[PDB]
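Shown here: my_file_36.cif, mmCIF, C-alpha atoms.
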```
data_work
#
loop_
_atom_site.label_atom_id
_atom_site.label_comp_id
_atom_site.auth_asym_id
_atom_site.auth_seq_id
_atom_site.Cartn_x
_atom_site.Cartn_y
_atom_site.Cartn_z
CA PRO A 15 -43.60 -92.26 -20.87
CA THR A 16 -45.79 -95.24 -21.42
CA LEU A 17 -46.68 -96.67 -24.73
CA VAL A 18 -50.41 -96.57 -25.48
CA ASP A 19 -52.69 -97.92 -28.20
CA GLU A 20 -56.36 -97.61 -29.17
CA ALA A 21 -57.12 -100.36 -26.58
CA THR A 22 -55.29 -98.75 -23.62
CA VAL A 23 -55.34 -94.96 -24.21
CA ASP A 24 -58.93 -94.25 -22.95
CA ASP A 25 -58.29 -95.46 -19.43
CA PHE A 26 -54.75 -93.94 -19.45
CA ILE A 27 -56.17 -90.47 -20.02
CA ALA A 28 -59.33 -90.68 -18.04
CA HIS A 29 -57.58 -91.75 -14.77
CA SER A 30 -54.25 -89.82 -14.99
CA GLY A 31 -55.48 -86.94 -12.82
CA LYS A 32 -53.15 -84.80 -14.90
CA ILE A 33 -53.10 -83.19 -18.33
CA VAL A 34 -51.85 -85.77 -20.79
CA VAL A 35 -49.20 -85.19 -23.42
CA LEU A 36 -49.57 -87.72 -26.24
CA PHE A 37 -46.46 -88.14 -28.36
CA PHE A 38 -46.95 -89.02 -32.04
CA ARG A 39 -43.56 -90.15 -33.22
CA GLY A 40 -43.63 -91.75 -36.65
CA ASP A 41 -41.38 -94.00 -38.70
CA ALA A 42 -37.61 -93.49 -38.13
CA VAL A 43 -36.82 -93.24 -41.88
CA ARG A 44 -39.54 -90.69 -42.66
CA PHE A 45 -39.33 -88.81 -39.32
CA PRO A 46 -35.88 -89.42 -37.81
CA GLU A 47 -36.07 -86.06 -35.97
CA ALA A 48 -39.01 -87.47 -33.91
CA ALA A 49 -36.35 -89.10 -31.74
CA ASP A 50 -35.21 -85.58 -30.78
CA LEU A 51 -38.71 -84.82 -29.49
CA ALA A 52 -38.68 -88.16 -27.64
CA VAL A 53 -35.51 -87.22 -25.73
CA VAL A 54 -36.94 -83.85 -24.70
CA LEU A 55 -40.43 -85.04 -23.81
CA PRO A 56 -39.56 -86.23 -20.26
CA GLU A 57 -37.76 -82.87 -19.66
CA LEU A 58 -40.91 -81.05 -20.78
CA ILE A 59 -43.12 -83.08 -18.45
CA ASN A 60 -40.69 -82.36 -15.59
CA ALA A 61 -40.79 -78.62 -16.23
CA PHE A 62 -44.36 -78.37 -14.94
CA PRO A 63 -44.23 -80.30 -11.69
CA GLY A 64 -47.42 -82.26 -11.04
CA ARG A 65 -49.34 -81.00 -14.07
CA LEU A 66 -48.49 -83.42 -16.89
CA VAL A 67 -47.98 -87.05 -17.79
CA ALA A 68 -46.72 -88.43 -21.09
CA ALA A 69 -47.48 -91.40 -23.29
CA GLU A 70 -46.20 -92.38 -26.73
CA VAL A 71 -48.77 -93.51 -29.28
CA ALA A 72 -48.25 -97.05 -30.67
CA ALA A 73 -47.54 -97.02 -34.44
CA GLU A 74 -50.72 -98.91 -35.40
CA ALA A 75 -52.77 -96.46 -33.24
CA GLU A 76 -51.46 -93.36 -35.00
CA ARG A 77 -54.09 -92.97 -37.71
CA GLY A 78 -57.09 -93.33 -35.41
CA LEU A 79 -55.67 -91.27 -32.55
CA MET A 80 -54.49 -88.45 -34.81
CA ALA A 81 -58.08 -88.27 -36.13
CA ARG A 82 -59.57 -88.38 -32.67
CA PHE A 83 -57.31 -85.83 -31.06
CA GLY A 84 -56.96 -83.39 -34.01
CA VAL A 85 -53.33 -84.10 -34.98
CA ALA A 86 -52.50 -83.27 -38.61
CA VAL A 87 -48.89 -84.45 -38.94
CA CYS A 88 -46.06 -86.33 -37.20
CA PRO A 89 -44.13 -85.86 -35.09
CA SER A 90 -46.50 -83.93 -32.81
CA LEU A 91 -47.46 -83.51 -29.17
CA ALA A 92 -51.23 -83.51 -28.48
CA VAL A 93 -52.05 -81.95 -25.07
CA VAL A 94 -55.29 -83.47 -23.79
CA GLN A 95 -57.41 -82.65 -20.74
CA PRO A 96 -59.14 -85.73 -19.30
CA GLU A 97 -62.87 -85.73 -18.69
CA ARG A 98 -63.89 -84.63 -15.18
CA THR A 99 -67.15 -84.99 -13.30
CA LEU A 100 -67.79 -81.47 -11.95
CA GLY A 101 -70.59 -82.69 -9.73
CA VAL A 102 -73.56 -85.05 -9.43
CA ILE A 103 -76.97 -83.70 -8.44
CA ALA A 104 -78.72 -86.72 -6.98
CA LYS A 105 -82.39 -87.28 -6.14
CA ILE A 106 -85.19 -84.87 -7.02
CA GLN A 107 -84.52 -81.23 -6.13
CA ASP A 108 -86.32 -77.88 -6.65
CA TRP A 109 -85.70 -75.64 -9.71
CA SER A 110 -83.78 -73.02 -7.71
CA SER A 111 -81.40 -75.66 -6.32
CA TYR A 112 -80.69 -77.06 -9.82
CA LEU A 113 -79.91 -73.56 -11.11
CA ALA A 114 -77.69 -72.71 -8.10
CA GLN A 115 -75.70 -75.97 -8.38
CA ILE A 116 -75.24 -75.81 -12.13
CA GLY A 117 -74.36 -72.14 -11.89
CA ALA A 118 -71.77 -72.84 -9.22
CA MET A 119 -70.12 -75.57 -11.29
CA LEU A 120 -70.00 -73.33 -14.38
CA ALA A 121 -68.42 -70.59 -12.19
CA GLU A 122 -65.69 -72.99 -11.08
CA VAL A 123 -65.02 -73.84 -14.74
CA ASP A 124 -64.81 -70.12 -15.59
CA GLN A 125 -62.78 -69.01 -12.56
CA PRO A 126 -60.95 -72.04 -11.09
CA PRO B 15 -82.30 -85.11 -24.39
CA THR B 16 -81.21 -87.89 -26.68
CA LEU B 17 -80.54 -91.45 -25.41
CA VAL B 18 -76.89 -92.44 -25.35
CA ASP B 19 -75.13 -95.66 -24.38
CA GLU B 20 -71.49 -96.61 -23.73
CA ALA B 21 -70.88 -96.98 -27.48
CA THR B 22 -72.48 -93.66 -28.54
CA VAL B 23 -71.90 -91.19 -25.73
CA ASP B 24 -68.39 -90.07 -26.77
CA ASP B 25 -69.30 -89.43 -30.42
CA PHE B 26 -72.46 -87.59 -29.21
CA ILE B 27 -70.60 -85.08 -27.10
CA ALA B 28 -67.52 -84.71 -29.37
CA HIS B 29 -66.60 -81.13 -30.36
CA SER B 30 -69.49 -79.51 -28.45
CA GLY B 31 -67.25 -77.10 -26.52
CA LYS B 32 -69.97 -77.48 -23.85
CA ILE B 33 -70.44 -79.07 -20.44
CA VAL B 34 -72.38 -82.31 -20.64
CA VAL B 35 -75.37 -83.07 -18.37
CA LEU B 36 -75.97 -86.82 -18.27
CA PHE B 37 -79.36 -87.86 -16.87
CA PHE B 38 -79.56 -91.19 -15.04
CA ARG B 39 -83.23 -91.90 -14.82
CA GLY B 40 -83.76 -95.43 -13.54
CA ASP B 41 -86.56 -98.00 -13.47
CA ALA B 42 -90.06 -96.41 -13.10
CA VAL B 43 -90.97 -98.73 -10.22
CA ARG B 44 -87.98 -97.85 -8.01
CA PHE B 45 -87.39 -94.28 -9.25
CA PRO B 46 -90.80 -92.84 -10.28
CA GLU B 47 -89.56 -89.36 -9.36
CA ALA B 48 -86.99 -89.52 -12.23
CA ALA B 49 -89.84 -88.41 -14.53
CA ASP B 50 -89.98 -85.06 -12.62
CA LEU B 51 -86.29 -84.65 -13.33
CA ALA B 52 -86.82 -85.51 -16.98
CA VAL B 53 -89.35 -82.70 -17.25
CA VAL B 54 -86.99 -80.11 -15.62
CA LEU B 55 -83.88 -81.16 -17.59
CA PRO B 56 -84.54 -79.36 -20.94
CA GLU B 57 -85.47 -76.23 -18.97
CA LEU B 58 -82.12 -76.42 -17.16
CA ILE B 59 -80.21 -76.74 -20.39
CA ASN B 60 -82.12 -73.73 -21.73
CA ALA B 61 -81.30 -71.63 -18.65
CA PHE B 62 -77.58 -71.47 -19.50
CA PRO B 63 -77.32 -70.32 -23.17
CA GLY B 64 -74.46 -71.96 -25.03
CA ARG B 65 -73.01 -73.78 -21.98
CA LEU B 66 -74.62 -77.19 -21.75
CA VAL B 67 -75.59 -80.25 -23.78
CA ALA B 68 -77.82 -83.03 -22.30
CA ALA B 69 -78.19 -86.76 -22.89
CA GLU B 70 -80.19 -89.44 -21.13
CA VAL B 71 -78.36 -92.63 -20.30
CA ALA B 72 -79.92 -95.72 -21.88
CA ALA B 73 -81.06 -98.26 -19.26
CA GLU B 74 -78.48 -100.91 -20.29
CA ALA B 75 -75.67 -98.28 -20.09
CA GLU B 76 -76.51 -97.13 -16.54
CA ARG B 77 -74.15 -99.47 -14.62
CA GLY B 78 -71.13 -98.78 -16.85
CA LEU B 79 -71.63 -95.03 -17.14
CA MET B 80 -72.31 -94.66 -13.38
CA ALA B 81 -68.89 -96.25 -12.84
CA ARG B 82 -67.25 -94.13 -15.50
CA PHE B 83 -68.55 -90.80 -14.19
CA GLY B 84 -68.67 -91.51 -10.46
CA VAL B 85 -72.46 -91.70 -9.94
CA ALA B 86 -73.87 -93.75 -7.03
CA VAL B 87 -77.51 -92.65 -6.92
CA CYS B 88 -80.50 -92.51 -9.31
CA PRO B 89 -82.22 -90.41 -10.48
CA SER B 90 -79.35 -87.94 -10.96
CA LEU B 91 -77.60 -85.48 -13.22
CA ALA B 92 -73.89 -85.99 -13.78
CA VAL B 93 -72.33 -82.69 -14.88
CA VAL B 94 -69.18 -83.52 -16.85
CA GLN B 95 -66.35 -81.46 -18.43
CA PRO B 96 -65.67 -83.65 -21.46
CA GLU B 97 -62.25 -84.76 -22.64
CA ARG B 98 -60.73 -82.25 -25.01
CA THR B 99 -57.56 -81.36 -26.86
CA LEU B 100 -55.98 -78.19 -25.45
CA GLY B 101 -53.56 -77.90 -28.31
CA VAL B 102 -51.25 -79.64 -30.72
CA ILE B 103 -47.56 -78.88 -31.23
CA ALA B 104 -46.63 -80.08 -34.69
CA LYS B 105 -43.16 -81.08 -35.88
CA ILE B 106 -39.88 -80.59 -34.03
CA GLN B 107 -39.65 -77.23 -32.22
CA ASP B 108 -37.08 -75.67 -29.84
CA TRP B 109 -37.14 -76.06 -26.04
CA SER B 110 -38.28 -72.53 -25.22
CA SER B 111 -41.04 -72.90 -27.83
CA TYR B 112 -42.35 -76.10 -26.19
CA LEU B 113 -42.18 -74.54 -22.70
CA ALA B 114 -44.04 -71.34 -23.82
CA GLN B 115 -46.75 -73.19 -25.71
CA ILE B 116 -47.37 -75.72 -22.89
CA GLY B 117 -47.28 -72.93 -20.30
CA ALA B 118 -49.85 -71.03 -22.34
CA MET B 119 -52.24 -73.99 -22.42
CA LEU B 120 -51.87 -74.49 -18.65
CA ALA B 121 -52.45 -70.74 -18.03
CA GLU B 122 -55.72 -70.91 -20.05
CA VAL B 123 -56.80 -73.94 -17.98
CA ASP B 124 -56.06 -72.15 -14.72
CA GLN B 125 -57.65 -68.82 -15.76
CA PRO B 126 -59.83 -69.10 -18.92
#
```

As structure tokens, how would this structure be written, given the file I've shared?
Amino acid sequence: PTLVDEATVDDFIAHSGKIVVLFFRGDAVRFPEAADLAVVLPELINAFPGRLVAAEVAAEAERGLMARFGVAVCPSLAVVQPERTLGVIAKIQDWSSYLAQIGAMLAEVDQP
Amino acid sequence: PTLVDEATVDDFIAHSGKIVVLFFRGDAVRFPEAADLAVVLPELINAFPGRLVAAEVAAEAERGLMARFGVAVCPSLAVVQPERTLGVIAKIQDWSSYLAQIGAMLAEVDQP
């Protein structure tokens, strides 16, 4: 349960090592029930031990992050998987080796 | 593969639903063999229909993107599962509904 903005969210997500739950709250007058989601959010994170981490989106960051992450309305949770380097194939290798390594990484994606 | 830099890479790969292959080439004097990789790269992308998208890292972006993706050697291919939204849960829902929907997204991650 941090608070993130457009300046701090990228690094929050990318180095969490967990699936991120971004909480879009909204104004208290328009969306007072968002507080109910806020109270349950840490219980939700806890219910999947080791898998999730939460952050609330700063009010000024809402428009841009909703657009980026595909959120239509508030309040919402956006569940986001950080980027991950599956592998690095360094130096010049033969065609068969490229195909085997790429294939193996795609297999891990498809059956982890 | 198109040239990307730190400012353009994320927009380039957005909404691909593919695995990204980022080519770090390097200076011709120190890494002449990078050109052999450049020639193989499009063939590699072609060898896995629908699975991959490729981009070449612009020279000025090499240092920053090597740090971002965990690359220590040139020439190389960094094979990256991009950041993506697994789902959005809109408006206030009940506890069992949150647990089922989150559980579903985690199940799809663990066994696509």

Practice prompt. With a distance cut-off of 7 Å and only C-alpha atoms, select the neighbouring residues of region 74-81 of chain B, excluding the residue or stretch itself and same-chain residues fewer than 5 positions from it, and output the selection as a PyMOL selection string.
Written response: chain B and resi 19-20+38+86

Worksheet item: Taking all atoms listed in the file into account, which residues of chain A are within 6 Å of chain B, as a ChimeraX atom specification?
Response: /A:89-105

Worksheet entry | Target residues per the PyMOL selection byres ((chain B and resi 27) around 10), formatted as a ChimeraX atom specification | /B:18,22-26,28-34,67-69,96-97

Could you turn the residues from that selection into a file that holds C-alpha atoms, as a compact mmCIF listing (two decimals), in the coordinates of the input?
```txt
# COMPACT_ATOMS: atom_id res chain seq x y z
CA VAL B 18 -76.89 -92.44 -25.35
CA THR B 22 -72.48 -93.66 -28.54
CA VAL B 23 -71.90 -91.19 -25.73
CA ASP B 24 -68.39 -90.07 -26.77
CA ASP B 25 -69.30 -89.43 -30.42
CA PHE B 26 -72.46 -87.59 -29.21
CA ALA B 28 -67.52 -84.71 -29.37
CA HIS B 29 -66.60 -81.13 -30.36
CA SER B 30 -69.49 -79.51 -28.45
CA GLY B 31 -67.25 -77.10 -26.52
CA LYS B 32 -69.97 -77.48 -23.85
CA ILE B 33 -70.44 -79.07 -20.44
CA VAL B 34 -72.38 -82.31 -20.64
CA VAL B 67 -75.59 -80.25 -23.78
CA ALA B 68 -77.82 -83.03 -22.30
CA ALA B 69 -78.19 -86.76 -22.89
CA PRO B 96 -65.67 -83.65 -21.46
CA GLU B 97 -62.25 -84.76 -22.64
```

Superposition output for chain B against chain A, all Cα paired in order, as a PDB file with C-alpha atoms, in the frame of the given file:
```pdb
ATOM      1  CA  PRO B  15     -43.801 -92.265 -21.490  1.00  0.00           C
ATOM      2  CA  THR B  16     -45.794 -95.447 -21.741  1.00  0.00           C
ATOM      3  CA  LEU B  17     -47.192 -96.734 -25.076  1.00  0.00           C
ATOM      4  CA  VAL B  18     -50.945 -96.427 -25.435  1.00  0.00           C
ATOM      5  CA  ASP B  19     -53.338 -97.428 -28.205  1.00  0.00           C
ATOM      6  CA  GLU B  20     -57.008 -96.680 -28.949  1.00  0.00           C
ATOM      7  CA  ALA B  21     -58.094 -99.421 -26.525  1.00  0.00           C
ATOM      8  CA  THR B  22     -55.839 -98.378 -23.604  1.00  0.00           C
ATOM      9  CA  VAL B  23     -55.474 -94.613 -23.761  1.00  0.00           C
ATOM     10  CA  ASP B  24     -58.683 -93.724 -21.873  1.00  0.00           C
ATOM     11  CA  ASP B  25     -58.044 -96.109 -18.964  1.00  0.00           C
ATOM     12  CA  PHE B  26     -54.412 -94.833 -18.841  1.00  0.00           C
ATOM     13  CA  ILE B  27     -55.344 -91.214 -18.345  1.00  0.00           C
ATOM     14  CA  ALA B  28     -58.461 -91.798 -16.173  1.00  0.00           C
ATOM     15  CA  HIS B  29     -58.557 -89.899 -12.852  1.00  0.00           C
ATOM     16  CA  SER B  30     -55.164 -88.206 -13.345  1.00  0.00           C
ATOM     17  CA  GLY B  31     -56.506 -84.685 -12.755  1.00  0.00           C
ATOM     18  CA  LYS B  32     -53.695 -83.734 -15.176  1.00  0.00           C
ATOM     19  CA  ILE B  33     -53.270 -82.494 -18.734  1.00  0.00           C
ATOM     20  CA  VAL B  34     -52.237 -85.266 -21.089  1.00  0.00           C
ATOM     21  CA  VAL B  35     -49.304 -84.917 -23.528  1.00  0.00           C
ATOM     22  CA  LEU B  36     -49.654 -87.476 -26.313  1.00  0.00           C
ATOM     23  CA  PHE B  37     -46.501 -88.028 -28.384  1.00  0.00           C
ATOM     24  CA  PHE B  38     -46.943 -88.987 -32.039  1.00  0.00           C
ATOM     25  CA  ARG B  39     -43.566 -90.225 -33.081  1.00  0.00           C
ATOM     26  CA  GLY B  40     -43.801 -91.788 -36.528  1.00  0.00           C
ATOM     27  CA  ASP B  41     -41.743 -94.142 -38.689  1.00  0.00           C
ATOM     28  CA  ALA B  42     -37.938 -93.711 -38.191  1.00  0.00           C
ATOM     29  CA  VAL B  43     -37.330 -93.439 -41.941  1.00  0.00           C
ATOM     30  CA  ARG B  44     -39.746 -90.542 -42.549  1.00  0.00           C
ATOM     31  CA  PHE B  45     -39.555 -88.910 -39.095  1.00  0.00           C
ATOM     32  CA  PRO B  46     -36.026 -89.544 -37.715  1.00  0.00           C
ATOM     33  CA  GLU B  47     -36.248 -86.281 -35.767  1.00  0.00           C
ATOM     34  CA  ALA B  48     -39.072 -87.768 -33.603  1.00  0.00           C
ATOM     35  CA  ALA B  49     -36.302 -89.377 -31.510  1.00  0.00           C
ATOM     36  CA  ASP B  50     -35.122 -85.847 -30.491  1.00  0.00           C
ATOM     37  CA  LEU B  51     -38.646 -85.149 -29.316  1.00  0.00           C
ATOM     38  CA  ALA B  52     -38.748 -88.431 -27.429  1.00  0.00           C
ATOM     39  CA  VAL B  53     -35.640 -87.401 -25.518  1.00  0.00           C
ATOM     40  CA  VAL B  54     -37.085 -83.942 -24.578  1.00  0.00           C
ATOM     41  CA  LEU B  55     -40.554 -85.245 -23.617  1.00  0.00           C
ATOM     42  CA  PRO B  56     -39.832 -86.589 -20.071  1.00  0.00           C
ATOM     43  CA  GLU B  57     -37.940 -83.361 -19.332  1.00  0.00           C
ATOM     44  CA  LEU B  58     -41.014 -81.364 -20.380  1.00  0.00           C
ATOM     45  CA  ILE B  59     -43.282 -83.378 -18.147  1.00  0.00           C
ATOM     46  CA  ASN B  60     -40.837 -82.816 -15.282  1.00  0.00           C
ATOM     47  CA  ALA B  61     -40.766 -79.044 -15.864  1.00  0.00           C
ATOM     48  CA  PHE B  62     -44.397 -78.602 -14.766  1.00  0.00           C
ATOM     49  CA  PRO B  63     -44.758 -80.370 -11.360  1.00  0.00           C
ATOM     50  CA  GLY B  64     -48.122 -82.049 -10.919  1.00  0.00           C
ATOM     51  CA  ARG B  65     -49.641 -80.731 -14.186  1.00  0.00           C
ATOM     52  CA  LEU B  66     -48.921 -83.229 -16.927  1.00  0.00           C
ATOM     53  CA  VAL B  67     -48.974 -86.931 -17.774  1.00  0.00           C
ATOM     54  CA  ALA B  68     -47.363 -88.285 -21.010  1.00  0.00           C
ATOM     55  CA  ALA B  69     -48.005 -91.261 -23.274  1.00  0.00           C
ATOM     56  CA  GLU B  70     -46.561 -92.292 -26.610  1.00  0.00           C
ATOM     57  CA  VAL B  71     -49.030 -93.354 -29.254  1.00  0.00           C
ATOM     58  CA  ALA B  72     -48.474 -96.907 -30.499  1.00  0.00           C
ATOM     59  CA  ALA B  73     -47.728 -97.021 -34.247  1.00  0.00           C
ATOM     60  CA  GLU B  74     -50.985 -98.852 -35.130  1.00  0.00           C
ATOM     61  CA  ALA B  75     -53.009 -96.264 -33.114  1.00  0.00           C
ATOM     62  CA  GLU B  76     -51.527 -93.206 -34.871  1.00  0.00           C
ATOM     63  CA  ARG B  77     -54.175 -92.802 -37.620  1.00  0.00           C
ATOM     64  CA  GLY B  78     -57.150 -93.162 -35.256  1.00  0.00           C
ATOM     65  CA  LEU B  79     -55.762 -91.013 -32.453  1.00  0.00           C
ATOM     66  CA  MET B  80     -54.607 -88.283 -34.892  1.00  0.00           C
ATOM     67  CA  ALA B  81     -58.236 -88.091 -36.035  1.00  0.00           C
ATOM     68  CA  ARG B  82     -59.572 -88.156 -32.503  1.00  0.00           C
ATOM     69  CA  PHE B  83     -57.346 -85.356 -31.200  1.00  0.00           C
ATOM     70  CA  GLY B  84     -57.003 -83.220 -34.323  1.00  0.00           C
ATOM     71  CA  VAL B  85     -53.348 -83.932 -35.219  1.00  0.00           C
ATOM     72  CA  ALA B  86     -52.188 -83.586 -38.852  1.00  0.00           C
ATOM     73  CA  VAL B  87     -48.399 -83.698 -38.533  1.00  0.00           C
ATOM     74  CA  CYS B  88     -45.747 -86.047 -37.077  1.00  0.00           C
ATOM     75  CA  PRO B  89     -43.694 -85.918 -34.955  1.00  0.00           C
ATOM     76  CA  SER B  90     -45.889 -83.902 -32.571  1.00  0.00           C
ATOM     77  CA  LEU B  91     -47.202 -83.432 -29.067  1.00  0.00           C
ATOM     78  CA  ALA B  92     -50.960 -83.231 -28.646  1.00  0.00           C
ATOM     79  CA  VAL B  93     -51.754 -81.434 -25.380  1.00  0.00           C
ATOM     80  CA  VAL B  94     -55.206 -82.581 -24.258  1.00  0.00           C
ATOM     81  CA  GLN B  95     -57.585 -81.623 -21.399  1.00  0.00           C
ATOM     82  CA  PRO B  96     -59.116 -85.042 -20.758  1.00  0.00           C
ATOM     83  CA  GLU B  97     -62.813 -85.748 -20.359  1.00  0.00           C
ATOM     84  CA  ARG B  98     -63.904 -85.381 -16.767  1.00  0.00           C
ATOM     85  CA  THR B  99     -66.932 -85.302 -14.511  1.00  0.00           C
ATOM     86  CA  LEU B 100     -67.505 -81.812 -13.089  1.00  0.00           C
ATOM     87  CA  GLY B 101     -70.072 -83.032 -10.630  1.00  0.00           C
ATOM     88  CA  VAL B 102     -72.991 -85.304  -9.933  1.00  0.00           C
ATOM     89  CA  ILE B 103     -76.406 -84.233  -8.651  1.00  0.00           C
ATOM     90  CA  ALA B 104     -77.977 -87.237  -6.983  1.00  0.00           C
ATOM     91  CA  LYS B 105     -81.695 -87.866  -6.494  1.00  0.00           C
ATOM     92  CA  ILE B 106     -84.527 -85.408  -7.096  1.00  0.00           C
ATOM     93  CA  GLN B 107     -83.711 -81.850  -5.961  1.00  0.00           C
ATOM     94  CA  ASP B 108     -85.534 -78.489  -6.252  1.00  0.00           C
ATOM     95  CA  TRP B 109     -85.162 -76.077  -9.190  1.00  0.00           C
ATOM     96  CA  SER B 110     -83.092 -73.450  -7.387  1.00  0.00           C
ATOM     97  CA  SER B 111     -80.813 -76.234  -6.114  1.00  0.00           C
ATOM     98  CA  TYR B 112     -80.176 -77.521  -9.661  1.00  0.00           C
ATOM     99  CA  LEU B 113     -79.570 -73.980 -10.980  1.00  0.00           C
ATOM    100  CA  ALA B 114     -77.101 -73.124  -8.129  1.00  0.00           C
ATOM    101  CA  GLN B 115     -75.162 -76.366  -8.401  1.00  0.00           C
ATOM    102  CA  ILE B 116     -74.893 -76.201 -12.227  1.00  0.00           C
ATOM    103  CA  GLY B 117     -73.999 -72.504 -12.055  1.00  0.00           C
ATOM    104  CA  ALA B 118     -71.273 -73.336  -9.555  1.00  0.00           C
ATOM    105  CA  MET B 119     -69.723 -75.952 -11.844  1.00  0.00           C
ATOM    106  CA  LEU B 120     -69.795 -73.525 -14.794  1.00  0.00           C
ATOM    107  CA  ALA B 121     -68.231 -70.753 -12.636  1.00  0.00           C
ATOM    108  CA  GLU B 122     -65.347 -73.117 -11.688  1.00  0.00           C
ATOM    109  CA  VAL B 123     -64.842 -73.929 -15.392  1.00  0.00           C
ATOM    110  CA  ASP B 124     -64.751 -70.255 -16.327  1.00  0.00           C
ATOM    111  CA  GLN B 125     -62.501 -69.189 -13.412  1.00  0.00           C
ATOM    112  CA  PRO B 126     -60.817 -72.156 -11.630  1.00  0.00           C
TER     113      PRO B 126
END
```

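Going from CA of residue 72 (chain B) to CA of residue 60 (chain B) covers 22.1 Å.
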
Could I see region 42-54 of chain B restored to N, CA and C atoms, set down as a PDB file, keeping the file's coordinate frame?
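Saved the output as part18.pdb:
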```
ATOM      1  N   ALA B  42     -88.875 -97.149 -13.530  1.00  0.00           N
ATOM      2  CA  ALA B  42     -90.060 -96.410 -13.100  1.00  0.00           C
ATOM      3  C   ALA B  42     -90.634 -96.861 -11.764  1.00  0.00           C
ATOM      4  N   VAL B  43     -90.409 -98.119 -11.424  1.00  0.00           N
ATOM      5  CA  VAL B  43     -90.970 -98.730 -10.220  1.00  0.00           C
ATOM      6  C   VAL B  43     -90.186 -98.287  -8.993  1.00  0.00           C
ATOM      7  N   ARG B  44     -88.867 -98.273  -9.103  1.00  0.00           N
ATOM      8  CA  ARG B  44     -87.980 -97.850  -8.010  1.00  0.00           C
ATOM      9  C   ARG B  44     -87.677 -96.353  -7.979  1.00  0.00           C
ATOM     10  N   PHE B  45     -87.740 -95.693  -9.144  1.00  0.00           N
ATOM     11  CA  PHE B  45     -87.390 -94.280  -9.250  1.00  0.00           C
ATOM     12  C   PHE B  45     -88.464 -93.496 -10.045  1.00  0.00           C
ATOM     13  N   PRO B  46     -89.722 -93.553  -9.585  1.00  0.00           N
ATOM     14  CA  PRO B  46     -90.800 -92.840 -10.280  1.00  0.00           C
ATOM     15  C   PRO B  46     -90.538 -91.349 -10.395  1.00  0.00           C
ATOM     16  N   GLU B  47     -89.856 -90.797  -9.408  1.00  0.00           N
ATOM     17  CA  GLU B  47     -89.560 -89.360  -9.360  1.00  0.00           C
ATOM     18  C   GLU B  47     -88.554 -88.887 -10.434  1.00  0.00           C
ATOM     19  N   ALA B  48     -87.855 -89.824 -11.066  1.00  0.00           N
ATOM     20  CA  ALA B  48     -86.990 -89.520 -12.230  1.00  0.00           C
ATOM     21  C   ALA B  48     -87.745 -88.800 -13.346  1.00  0.00           C
ATOM     22  N   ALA B  49     -89.044 -89.085 -13.499  1.00  0.00           N
ATOM     23  CA  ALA B  49     -89.840 -88.410 -14.530  1.00  0.00           C
ATOM     24  C   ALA B  49     -89.983 -86.884 -14.291  1.00  0.00           C
ATOM     25  N   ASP B  50     -89.979 -86.466 -13.016  1.00  0.00           N
ATOM     26  CA  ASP B  50     -89.980 -85.060 -12.620  1.00  0.00           C
ATOM     27  C   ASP B  50     -88.660 -84.408 -13.008  1.00  0.00           C
ATOM     28  N   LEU B  51     -87.568 -85.124 -12.837  1.00  0.00           N
ATOM     29  CA  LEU B  51     -86.290 -84.650 -13.330  1.00  0.00           C
ATOM     30  C   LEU B  51     -86.255 -84.551 -14.850  1.00  0.00           C
ATOM     31  N   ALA B  52     -86.778 -85.558 -15.524  1.00  0.00           N
ATOM     32  CA  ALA B  52     -86.820 -85.510 -16.980  1.00  0.00           C
ATOM     33  C   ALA B  52     -87.539 -84.261 -17.474  1.00  0.00           C
ATOM     34  N   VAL B  53     -88.623 -83.876 -16.815  1.00  0.00           N
ATOM     35  CA  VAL B  53     -89.350 -82.700 -17.250  1.00  0.00           C
ATOM     36  C   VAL B  53     -88.531 -81.421 -17.021  1.00  0.00           C
ATOM     37  N   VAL B  54     -87.796 -81.321 -15.904  1.00  0.00           N
ATOM     38  CA  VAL B  54     -86.990 -80.110 -15.620  1.00  0.00           C
ATOM     39  C   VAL B  54     -85.734 -79.995 -16.525  1.00  0.00           C
TER      40      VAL B  54
END
```
